[PDB]
Each structure stands twice: as C-alpha cells, then as structure tokens.
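Q: My questions all concern the structure below.
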Amino acid sequence: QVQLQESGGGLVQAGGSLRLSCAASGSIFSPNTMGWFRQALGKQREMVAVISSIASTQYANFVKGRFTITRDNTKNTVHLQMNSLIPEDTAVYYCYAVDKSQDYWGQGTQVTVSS
Amino acid sequence: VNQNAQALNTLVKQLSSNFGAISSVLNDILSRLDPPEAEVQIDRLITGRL
Amino acid sequence: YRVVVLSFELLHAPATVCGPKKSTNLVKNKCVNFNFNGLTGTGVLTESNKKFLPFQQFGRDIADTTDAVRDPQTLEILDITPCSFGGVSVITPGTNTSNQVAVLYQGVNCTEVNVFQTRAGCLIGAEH
Amino acid sequence: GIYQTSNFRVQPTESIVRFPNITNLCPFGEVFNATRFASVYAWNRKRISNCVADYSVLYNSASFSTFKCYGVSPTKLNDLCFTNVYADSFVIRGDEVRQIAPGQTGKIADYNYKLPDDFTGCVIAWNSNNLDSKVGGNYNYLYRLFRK
Amino acid sequence: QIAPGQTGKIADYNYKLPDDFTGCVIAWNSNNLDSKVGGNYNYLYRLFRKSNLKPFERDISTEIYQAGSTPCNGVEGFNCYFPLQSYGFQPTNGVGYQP
Amino acid sequence: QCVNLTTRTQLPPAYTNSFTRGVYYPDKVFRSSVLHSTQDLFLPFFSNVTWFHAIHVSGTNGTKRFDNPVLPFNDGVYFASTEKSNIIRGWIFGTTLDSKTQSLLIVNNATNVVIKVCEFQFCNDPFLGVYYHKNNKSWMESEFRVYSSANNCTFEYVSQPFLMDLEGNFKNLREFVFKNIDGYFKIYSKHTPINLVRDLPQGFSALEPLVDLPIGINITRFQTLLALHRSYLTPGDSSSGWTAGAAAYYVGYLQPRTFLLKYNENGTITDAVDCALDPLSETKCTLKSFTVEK
Ligand SMILES: *[C@@H]1O[C@H](CO)[C@@H](O)[C@H](O)[C@H]1NC(C)=O
Ligand SMILES: *[C@@H]1O[C@H](CO)[C@@H](O)[C@H](O)[C@H]1NC(C)=O
Ligand SMILES: *[C@@H]1O[C@H](CO)[C@@H](O)[C@H](O)[C@H]1NC(C)=O
Ligand SMILES: *[C@@H]1O[C@H](CO)[C@@H](O)[C@H](O)[C@H]1NC(C)=O
Ligand SMILES: *[C@@H]1O[C@H](CO)[C@@H](O)[C@H](O)[C@H]1NC(C)=O
Ligand SMILES: *[C@@H]1O[C@H](CO)[C@@H](O)[C@H](O)[C@H]1NC(C)=O
C-alpha cells in the first residue's frame, strides 16, 4: 500500500505564498515520476507540473514562472512552492506518483486565493 | 385433554409478553434500537421466555 | 437563480408528509419473508376462501398468530402458514454392530426434505 | 435406539414487500416548475401536508444548482415522514445563493430571510437565466438594502 | 464517540469499537501541540461511506463516493465528493473544536 | 355570516336508557367464531344517555327553538340520531370554540362531507339555513352560518356523505362513536332503519370504523349542527319547522371498560359482554365464555 501525504494548503489572500508537500511511502520503485495536477469545481484534471528522477522539471503555460518544485532525495519527497497567487489558481491539487506500474493518486488539499 | 390444552395455550400467550422489554417482537427491537441497547431489551425476553 | 427552501418539521405529532413505500411482486406458495402494511414475518402464502370485512386488514388465530391478511395492492385475501419445521431423529442400531443410520424428519412431508412416509414424519434410509 | 439430534427448518430465500400502492403526491411541480416566483421581500411559503413527497425526482433530477441539507441527509428524505413541509421558492442572484444557509450573514441573510442556526431542512436552488431574464432587464424583483 | 456501542461519523464511519471491549480510552487536550495559527489541515476525516465499519476495521481507500445515480469514475463533480475533508485546528478555537 | 337566535333558557336535562348500544370494532383484524376480550373506551351497557330534541316547543305561546347545547367531550362520545328529515348536519369540536384555539368542523350537505380544522370564530348558535328550490325539490340548498371567520387551516377532507338522504314514519338511527386518541380523531358509524321505537331500540349493532383523521388538536367540548328549514326573520305560528322536533339525538359518554366480543363465522361482532355490569357478566369474562355451567 503505497501512500502519499499531501499537506500545506488553505486560504490565502491574493499575492501570498504557500508550500505544499507530498511524501511518497511504501514501494515507490526508484525510477519514479512525481507530478501535480489541478482541479477546480466544474473542470478536469489540469497538468500543473511534473518532475522525474532525472531532476528535470516540466511546467505548464498556465502558471509560467510562478510555481516551483523541490525534491528531497533522502526522503524522496516533493514540495511545490506556489507563489504570486491569483484567484484563477483556486483549485484542489493532487499528486501523480508514476512509480513503475501501479500509478498512485492523491487525497487532496484545498487551495483558495481571493479578495 | 383440557389441562394439556391449557398448558400449551398459556405457553404460546407468553410470547406476547414484554417482560420489561420495549416490544414482544424481536424484529421491532433490533430495527428500532442499536445493538448495544437492543441487547438490554432482548435479554429481558430470553429470561422471560426461558 | 430559482431557490426553494424546504423546511421539514419533525415533532411529536402525527406525520402528514410521507415518503414513497417500496413494493415487490407477490410470491405465492413459497417460503418467503413478507411485509404486508408494516406487518413483517416469514412463511408461505396461500389463496384463502375467507371473506374479511373491508376495514379488517389482518387475521388472528385462537392464540395471537396471524393466519390471514389482505394484500394492499390486489384486494385478494391470502392466508399465511409457518415455514415447515420439525425434529430430525436418528434411528441407529448400536455402533458396535453397524454405523448405518436412518433419519426421521418429524411431522413433515417427503417433499420439503428408499423413502418411507409415515404419520410420525418422513423416514429416509430405512426400507419399508 | 432413537435420538433427536438436530431440528430441520425450511429457510426462506427471498423477501416480499407489499404496501398500499402509492397514489397521493405533493405539489412540488407547482413550486419548482412554477411560472412565477415572488420577490425576495414577499417570500412564497407554501404549506405541504397530507400528500406523499417523492424526493428522488428532485435530488436525482439534477435540474437544480444546489441540494444542500442541514440536520437531514438528502438520501434519507424518502424514508423520513414529516408533520409538515414548508416550501419557500424565490429568485435570487447566484453570488448571494451562498447566503441561504444557517449561521450566515449578508444583505439577504441579515435583512431578507434570516435562517436560525438550528435548521432542519434543505436549500435547493437553480439558475433561471432562460426563464426570468429579459433583454431589457427584469426589474420586477425588488430588494431592500436598508433597514433599521 | 470513542466508546463501545456509540454512533457518530467517527463511531460508524471511522474507528469501530466492539461491545465486549476490555480496555481503556485515554485522551488529553492537544491545543498547544497540534494547532497552528494558520490552521492544521494534516488530519483528514471522511463524512461519506457506502456502509458502516466492522470492529477495528481500517479503510484507507481514497475512492470518490457516488452521492447521485451517475458514476464518478474517480472524478469529482455533481454528486461526487472526495472522502476526506480537513480540520481547522487553530489555537483560538473553542474547546469543542480544539484538538 | 352568523345569525343570532334566542336564549336557550337552560332546559332541564332528560335521560334515557342505552340497551347494549355503542359497541364498535376495536381492531382491523378479521376474527371468525372467536371470543376476544378488549380493554378500551366503550359506552357502558344499560347506561343513562342524555337525549335532546332537535327542535323543542316548550313555551306557552308555542315557540320553536333549536336545542343545540355545547356538550362536554370526555374520552370519546357516542352520538345517536333518530331522524327522518336530515335536520342534523354535523358537529364542531374544540376546547374554546373561538379564534384562540384550533377547532374541528364536520358538515354534511346534499353532495359530500366537509371536514376542516382551522381557527374558526364560531357564533353562539351555528346552523345551516336549509331551503328547497322552486321546481325540483329533489335536493336542498344549504347556507352555512356556522363560523364568522376561519384562519390557519391545516387539514381538509371531502368524501361521500356521512349522512344519507332521508327524503312518513320511516325514522332512521345513525350511531357514531368519536374518539380523540394520540392526536387521531376516529369516527365509527352505523346506520339502521328503525320502526315504531321512540327511544333507542333494544338490540345489538356493531359500529364499523368510518375514518381515522390526523388532526392532532385538543378536544374538550362539542356541539351539534342543525338545519333551519323555517325562517329566523319571520317565525311561523306552527308547522313552519319539522313537526315540532319529533326527531331527536342521544349523547352518551365513553369510559374505559373491558368488553368480551363474540365474532361469528362471517366476521361480525354478534354479541358483547360488559364485565363490570353484573356478577354474571364478571363470571362470563373470567371464564371467557358466554355460557357458564352449574
Ligand atoms: C392498486 O393498483 C391496481 C393496479 O392499477 C388497482 O387495480 C388497484 O385498485 C389499486 N388499489 C388501490 C386502490 O390502492
Ligand atoms: C460390541 O462391540 C464391542 C467392540 O467395542 C465388542 O467388544 C463386543 O463384544 C460387542 N458386543 C456384541 C454383543 O456384539
Ligand atoms: C403430503 O403428505 C400427504 C400424506 O399425508 C400426501 O398425500 C401429499 O401428497 C404430500 N404432499 C406433497 C406435496 O407431496
Ligand atoms: C406389499 O405387498 C403388496 C402386494 O400385495 C405390494 O404391492 C407392496 O408393494 C408390498 N409392500 C412392501 C413395502 O413390500
Ligand atoms: C340513571 O338515571 C336514573 C333516573 O332517570 C337513576 O335513578 C339511575 O341511578 C341512573 N343510573 C346511573 C348509573 O347513573
Ligand atoms: C354469513 O354471511 C351471510 C351473508 O353473506 C349472512 O346471510 C349470514 O347471516 C352470515 N352468518 C351469520 C351467522 O350471520
């Protein structure tokens, strides 16, 4: 039972910053790929960003230059720093642990930005 | 014949007694009460019927 | 935006707004769990020639058992009967002689259960 | 000899339920499918009683924006039986729909229709964009902003 | 809600204690340990499940529950909700809402 | 709107005997050839029931006035009516019978029944001004002068007439039992043609249940609604009313009793025993049998 812990969201005024975290535990076969996805009520899963074991970072055009992903090799965890927040980012975000077979999916943290 | 019929007639009629329970019907206690307090009412029926 | 607020009153008073009540087809001449107008039980149903008064919805035995009932949808009368039951005595010679046994089902027919039907019940395994 | 070892007992396999076939029904159609809804300062409370209320038509109809309920789950209304049901249907704005729930504030929640913190009941809304709006603006729905 | 024979979202949908429970329930307030100023949402709670739990039964399923008649297929929407909501553990909360 | 009548002048009470009348079916269970004991609110056997003329002519001049007093309602009422011209139309039940408390109203016109519970402002003398048409005379139009206003209505019931059309010694007995238990108002009724018996006849007729209504209000007092065929503006010297109130109604009060009811093979209560009447009935109830041996 590979388990993913996501934390660090909530309500933040426009222009604020937050840092969400996913800890992947269990099997998580070494050549894994951890990604972040967006879903606002009424829309689909929007690919926010992706990082592989190669250390390469891939970001979408929606949040150009605003969101960053950081890796922790010792615990094999991931933290996205979401800064310069805009009301268009009001959506629940989820983790995509590609692993090497049984793709895992997240539990969710609410991200709200409005004034 | 009369005494034996009376003994059985009394025996069946005792099934309708509550003996302190909420209902003489077991299905009206289980489906009107959570088991933890439904066993307190049912324990009054087994004792009465036994 | 069209809005309706449905405020529901739950008081110690009789109810006038009720939900729908589920119904199933009437399985006759078979051992079934039945629920007629809230009366729950287990047994088989048969067609009865009784004529209940229109207000009367249930039938009662000399004791307290309910023998007859009126189906709510179809106004036909149906009489209830207990799902068959009885003791299972084992007829055996001494085990030091033989381990072969015959089974007697007390007070039942030979359909619900080298078969010999007796007044005491249905005997299986013993030759007549 | 003979020995009574067990007790044979025919068991039932299926269950049958027979209730009076449903007939009487509540006038939700006169409420949710009504042609006209009153202004938010003369609210329509219609009393519903002595009829059977089928709530699956509403909750599974999916023709209403909201289905919020307080004190009762929305999937058990068909099982519960109530003394009375008060139906209040009004035309409001969407951003103000969040103001119809207990414990809330706002011009509607403070001035129009106050909901006590202890509700039991359901707020169900829709969006009458193709029913209540006209090209020139529909000003037949009046709204207070000031009270003592 | 943590005792034999009780009901509630935790009692039915979370921790299931048996009737014969030879043992002790022990608890203390964690206001100065578990709460943060911005709210600690690391503790997640289900409000919806298909059925009540068996005793000492533990479910970590994250499947989106179907509140309506249409299937959710792992995606929220109309009458589709994720199981776990987060908790507003804050040091200014009242005793009832404190950790 | 209501019309003021004359003072009732508090006519002295008059009683009569109820020979084994008022027995109703307690349950909806078909019982055949069996003796069932039920403890419930029944009218005692051989009891004093108070009887009132619908119209009483007692004055020296010959005044005709309705005798429609407001009577108490203690744990059920047995209302019997011996009439031939449909001059009794219904009843009103309540505690204060005004706008302060909710009240129940039952009326029967030529077509259906009207049952309401509202906050009626009942007048002192409610009635129905009742007149034929000029050409048909098959039916009779009714003008309701029962209540001044009605507010806060929470129930409405319409069904087939409780009282059949009675339109010359073919008197009919209508026996009703009204109970108010657990917020349900239960009416049991039976109708029997009678012949040459002024008072309640001797015999046994079981009252079939008529209707169980979920009003859920408090009832303490009740009144009887009458049909005014004559004119209140101009009272005739005589014969303007219906034969000086030959028809009458008897009211008895139910009390908690244990009854032994005998259901015959075809489902009807053919006999009853009141256990507290006489020691013989007590012996019958203790033996559960209608016959006792030496
Ligand atoms: C129930 O439905 C059947 C079939 O339509 C009908 O024949 C019967 O009269 C109904 N009974 C009532 C009145 O509930
Ligand atoms: C019964 O069986 C036993 C075997 O345990 C044997 O010793 C004994 O002789 C037998 N007796 C008879 C009468 O067959
Ligand atoms: C039940 O037993 C009787 C004998 O008493 C027999 O005549 C009858 O056929 C049996 N029933 C069935 C269904 O075989
Ligand atoms: C007994 O004999 C008759 C013939 O007379 C035969 O029909 C029947 O089957 C026999 N019964 C048994 C149990 O052998
Ligand atoms: C019934 O009334 C008569 C007088 O008409 C009286 O003598 C008798 O005692 C009364 N019976 C009861 C039970 O009150
Ligand atoms: C049985 O019912 C019939 C009417 O179907 C009736 O004539 C007869 O009197 C009833 N039996 C008794 C004992 O009254």
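Just remember, in the structure tokens the first chain shown is A, the second B, etc., residues are 1-based per chain, and ligands are 1-based in the order shown.
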Would you mind listing what lies within 12 Å of residue 30 of chain D as a ChimeraX atom specification, with only C-alpha atoms counted and same-chain residues fewer than 3 positions away left out?
A: /C:4 /D:25-27,33-37,44,46-48,87-89
Q: Got a sec to check which residues lie within 10 Å of ligand 1, using only C-alpha atoms and all ligand atoms, and send them as a ChimeraX atom specification?
A: /C:71-75 /D:19-23
Q: To one decimal place in Å, what is the distance between atom CA of residue 41 of chain F and atom CA of residue 16 of chain B?
A: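 A separation of 22.2 Å between them.
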Q: Would you mind listing what lies within 7 Å of segment 114-124 of chain C as a PyMOL selection string, with only C-alpha atoms counted and same-chain residues fewer than 2 positions away left out?
A: chain C and resi 102-110+126-128
Q: Tell me, which residues of chain E carry DSSP helix (DSSP H, G or I), written as a list in words?
A: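 Assigned to helix (DSSP H, G or I), within chain E: residues 9, 10, 11, 12, 13, 31, 32, 33, 34, 95, 96 and 97 of chain E.
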Q: Take the residues from that selection and write them out as a PDB file, in the first residue's frame, keeping C-alpha atoms.
A:
ATOM      1  CA  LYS E   9     -19.323   9.876  11.933  1.00  0.00           C
ATOM      2  CA  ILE E  10     -16.217   8.645  13.754  1.00  0.00           C
ATOM      3  CA  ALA E  11     -18.084   5.843  15.524  1.00  0.00           C
ATOM      4  CA  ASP E  12     -19.739   4.455  12.382  1.00  0.00           C
ATOM      5  CA  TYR E  13     -17.545   5.761   9.526  1.00  0.00           C
ATOM      6  CA  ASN E  31      -4.164  22.721  21.793  1.00  0.00           C
ATOM      7  CA  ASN E  32      -0.544  23.836  22.248  1.00  0.00           C
ATOM      8  CA  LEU E  33       0.858  20.827  20.331  1.00  0.00           C
ATOM      9  CA  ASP E  34      -1.398  20.129  17.314  1.00  0.00           C
ATOM     10  CA  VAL E  95     -12.976  23.605  23.369  1.00  0.00           C
ATOM     11  CA  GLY E  96     -15.400  21.648  21.198  1.00  0.00           C
ATOM     12  CA  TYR E  97     -13.330  22.281  18.061  1.00  0.00           C
TER      13      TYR E  97
END
Q: With only C-alpha atoms and all ligand atoms counted, collect every polymer residue having an atom within 7 Å of ligand 6; state the result as a list in words.
A: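 My answer, listing the contacting residues, is residues 264, 265 and 266 of chain F.
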Q: What does the distance between atom 1 (C, counted along the ligand's line) of ligand 5 and atom CA of residue 173 of chain F come to in Å, to one decimal place?
A: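 Those two atoms sit 22.0 Å apart.
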Q: Find the residues near ligand 5. Use a cut-off of 8 Å, count only C-alpha atoms and all ligand atoms, and write them as a ChimeraX atom specification.
A: /F:14-17,47-48
Q: Using only N, CA, C and O atoms, please write the residues we just selected to a file, as a short mmCIF file (atom, residue, chain, number, x, y, z; two decimals), in the first residue's frame.
A:
data_model
loop_
_atom_site.label_atom_id
_atom_site.label_comp_id
_atom_site.auth_asym_id
_atom_site.auth_seq_id
_atom_site.Cartn_x
_atom_site.Cartn_y
_atom_site.Cartn_z
N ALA F 14 -82.83 15.58 30.40
CA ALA F 14 -83.68 14.40 30.33
C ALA F 14 -82.84 13.22 29.87
O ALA F 14 -82.07 13.34 28.92
N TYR F 15 -83.01 12.09 30.54
CA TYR F 15 -82.18 10.91 30.32
C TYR F 15 -82.99 9.78 29.70
O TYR F 15 -84.23 9.77 29.76
N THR F 16 -82.28 8.82 29.12
CA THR F 16 -82.90 7.60 28.62
C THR F 16 -81.87 6.48 28.69
O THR F 16 -80.69 6.71 28.94
N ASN F 17 -82.35 5.26 28.48
CA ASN F 17 -81.54 4.06 28.65
C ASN F 17 -80.94 3.62 27.32
O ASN F 17 -81.62 3.63 26.29
N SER F 47 -76.76 2.21 30.14
CA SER F 47 -76.34 3.48 30.72
C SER F 47 -77.35 4.59 30.44
O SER F 47 -78.20 4.48 29.55
N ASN F 48 -77.25 5.66 31.23
CA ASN F 48 -78.05 6.86 31.04
C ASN F 48 -77.38 7.73 29.98
O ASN F 48 -76.28 8.24 30.20
#
Q: Write out as an NGL selection string each polymer residue whose atoms come within 12 Å of segment 42-48 of chain E, counting only C-alpha atoms; drop sequence neighbours fewer than 2 positions from it.
A: (:A and (5-10 or 20-22 or 107-110)) or (:D and (73 or 75)) or (:E and (8-15 or 34-36 or 38-40 or 50-53 or 59-67 or 79-89 or 99))
Q: At a cut-off of 9 Å and counting only C-alpha atoms and all ligand atoms, what residues surround ligand 2? Please answer as a list in words.
A: residues 94, 95, 96 and 97 of chain C
Q: Enumerate, in order of chain and increasing residue number, the residues of chain E with an atom no farther than 9 Å from chain D, each with its shortest atom pair and distance in Å to one decimal, counting only C-alpha atoms, as CSV.
A:
residue,atom,partner,partner_atom,distance
E:67,CA,D:75,CA,8.3
E:68,CA,D:60,CA,6.4
E:69,CA,D:60,CA,6.8
E:78,CA,D:62,CA,8.4
Q: Mind checking which residues fall within 8 Å of residue 47 of chain A, counting only C-alpha atoms, ignoring those fewer than 5 positions away in the same chain, and posting them as a PyMOL selection string?
A: chain A and resi 35-38+60
Q: Return as a list in words the residues belonging to chain F that are within 12 Å of chain D, counting only C-alpha atoms.
A: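 Selected residues: residues 152, 153, 154, 155, 156, 157, 183, 213, 214, 215 and 216 of chain F.
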Q: Using only N, CA, C and O atoms, please write the residues we just selected to a file, as a compact mmCIF listing (two decimals), in the first residue's frame.
A:
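Result file part-v5.txt:
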# COMPACT_ATOMS: atom_id res chain seq x y z
N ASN F 152 -55.87 29.79 9.65
CA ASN F 152 -54.87 28.78 9.99
C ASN F 152 -55.40 27.36 9.79
O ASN F 152 -55.43 26.55 10.71
N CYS F 153 -55.83 27.08 8.56
CA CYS F 153 -56.32 25.75 8.23
C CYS F 153 -55.16 24.80 7.97
O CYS F 153 -54.22 25.13 7.25
N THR F 154 -55.23 23.61 8.57
CA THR F 154 -54.16 22.62 8.49
C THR F 154 -54.65 21.26 8.02
O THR F 154 -53.86 20.30 8.02
N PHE F 155 -55.91 21.14 7.61
CA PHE F 155 -56.44 19.86 7.15
C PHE F 155 -57.69 20.12 6.33
O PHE F 155 -58.37 21.14 6.52
N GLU F 156 -57.98 19.20 5.41
CA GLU F 156 -59.15 19.31 4.55
C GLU F 156 -59.55 17.91 4.13
O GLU F 156 -58.71 17.15 3.64
N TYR F 157 -60.82 17.56 4.33
CA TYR F 157 -61.27 16.22 3.98
C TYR F 157 -62.65 16.29 3.35
O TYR F 157 -63.57 16.90 3.92
N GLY F 183 -53.66 12.09 19.10
CA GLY F 183 -53.76 13.03 18.00
C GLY F 183 -54.53 12.54 16.80
O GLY F 183 -54.56 13.23 15.78
N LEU F 213 -58.68 10.32 11.30
CA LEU F 213 -58.24 11.60 10.75
C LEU F 213 -57.08 12.13 11.58
O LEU F 213 -57.18 12.15 12.81
N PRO F 214 -55.97 12.52 10.98
CA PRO F 214 -54.84 13.06 11.76
C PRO F 214 -54.90 14.58 11.96
O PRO F 214 -54.06 15.34 11.47
N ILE F 215 -55.91 15.04 12.71
CA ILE F 215 -55.96 16.46 13.05
C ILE F 215 -54.91 16.80 14.11
O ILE F 215 -54.10 17.71 13.92
N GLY F 216 -54.87 16.04 15.20
CA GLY F 216 -53.90 16.30 16.26
C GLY F 216 -54.10 17.58 17.04
O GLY F 216 -53.12 18.30 17.30
Q: Using only C-alpha atoms, select each residue of chain E with any atom at most 8 Å away from an atom of chain B, and give the selection as a ChimeraX atom specification.
A: /E:4-5,19
Q: Specify as a ChimeraX atom specification all residues of chain F found within 6 Å of chain C, counting only C-alpha atoms.
A: /F:28-30
Q: When the cut-off is 8 Å and we count only C-alpha atoms, which residues of chain B are near chain C, given as a list in words?
A: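 The answer, sorted by residue number, is residues 9, 12, 13 and 16 of chain B.
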Q: How many Å separate atom CA of residue 27 of chain A from atom CA of residue 58 of chain A?
A: 24.2 Å
Q: For residue 81 of chain D, find every residue with an atom within 7 Å (counting only C-alpha atoms), except residues of its own chain fewer than 5 positions away, and show them as a VMD selection string.
A: chain C and resid 15 17 to 19
